[PDB]
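For reference, the chain that follows is the form deposited in one PDB entry, supplied as structure tokens.
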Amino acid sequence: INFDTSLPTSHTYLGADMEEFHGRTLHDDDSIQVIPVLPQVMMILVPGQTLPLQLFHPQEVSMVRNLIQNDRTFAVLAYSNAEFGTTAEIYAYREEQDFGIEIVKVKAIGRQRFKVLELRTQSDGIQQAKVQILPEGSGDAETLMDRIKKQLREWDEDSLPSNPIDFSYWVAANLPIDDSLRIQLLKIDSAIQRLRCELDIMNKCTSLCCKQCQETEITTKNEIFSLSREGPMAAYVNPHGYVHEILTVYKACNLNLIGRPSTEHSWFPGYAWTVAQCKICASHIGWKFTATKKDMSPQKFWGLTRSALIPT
């Protein structure tokens, strides 16, 4: 590729002038902490994963302002339909105004996992969560990490973590799997146990389908390509604050193209998106990205929403 695999990770569609916070905050294990809960996101965050956010409502804008004064850390719960979650630490901040509307744009990172002990909704409607920090641990597993990396090569072609705990959350966050399996991987405390399950999951992986119809195969594990350092799967925020997880793939099937290619708010700079819908149900599965210059090495790719896809 000729693209910069570090620009998808900068989220420059959010504005190119953000504050940076370098400090870190790691709570101790078994510790019990009260943290604000992100109000609209319904995702399963993995430690290491990056969360882009676009906040408009006064209640949400004031919260994030109190987080910057305090820990800059909040809670993202894993919903079975919320007994576990992950913490997210803001590392970049930017305040905007549009027609007298205060917009906040934040970039956050998954940090530590937790088990919800108690929940509270407050006067502003923003929920708060009393969580016990779950532990990670020690140990090594090089045989496993190498067998998992052998399989990932038979799928696509040191962009991969070298630490068992870090590698385990990279597969957790980048494998094409159901949210029921992401939770299972998040309920484990040892990395060795997680890398094992993750190797089974991918040996039993299948094509991905349209979730609305369960009748069209859109793509497979062997078409996944990484155009970003983060990985083949990355979260992005649309113009209305809706965060999507996107699988980047070279070929997608059973999709129709609606509209003319556009560059506005593109998550992949230099490219242009066109809505792709299922050929049978017409449900929005994602977008087809196309290059604005003939010199760009990946001239076309697909970005598919993990929300519109179900494993076969």
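By rigid core we mean the largest C-alpha set that fits within 1.5 Å across both forms. Numbers for residues come from their place in the sequence shown, where the first is 1.
The modelled chain breaks after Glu157 and resumes at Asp158, leaving 4 to 9 residues of the deposited sequence without coordinates. The modelled chain is continuous from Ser123 to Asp124, since every residue of the deposited sequence in that stretch has coordinates. For the pair 39-47 and 280-288, the record assigns the higher mean C-alpha temperature factor to 39-47. As the entry records it, the average C-alpha temperature factor is higher for 22-30, out of 251-259 and 22-30. Take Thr219, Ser80, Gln184, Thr87 and read off each C-alpha B-factor from the entry; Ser80 has the highest. Across the residues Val116, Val106, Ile109, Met202, the deposited record lists the maximum Cα B factor for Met202. Per-chain ranking of the deposited C-alpha B factor places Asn163 in the middle third.
Residue-level temperature factors show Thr12 in the lowest third of its chain, judged at the C-alpha atom. Sort the chain's modelled residues by C-alpha temperature factor and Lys150 lands in the highest third, per the entry. In this PDB entry, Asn238 carries a Cα temperature factor that places it within the lowest third of its chain's modelled residues. Ranked by Cα temperature factor within the chain, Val76 sits in the lowest third according to the deposited record.
In what follows, reference is made to the form deposited in another entry, a form of this protein that is not presented.
Of the residues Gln122, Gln214, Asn163, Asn203, exactly one exceeds or equals a 2 Å C-alpha shift between this form and the one not shown once the rigid core is aligned, and that residue is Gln122.
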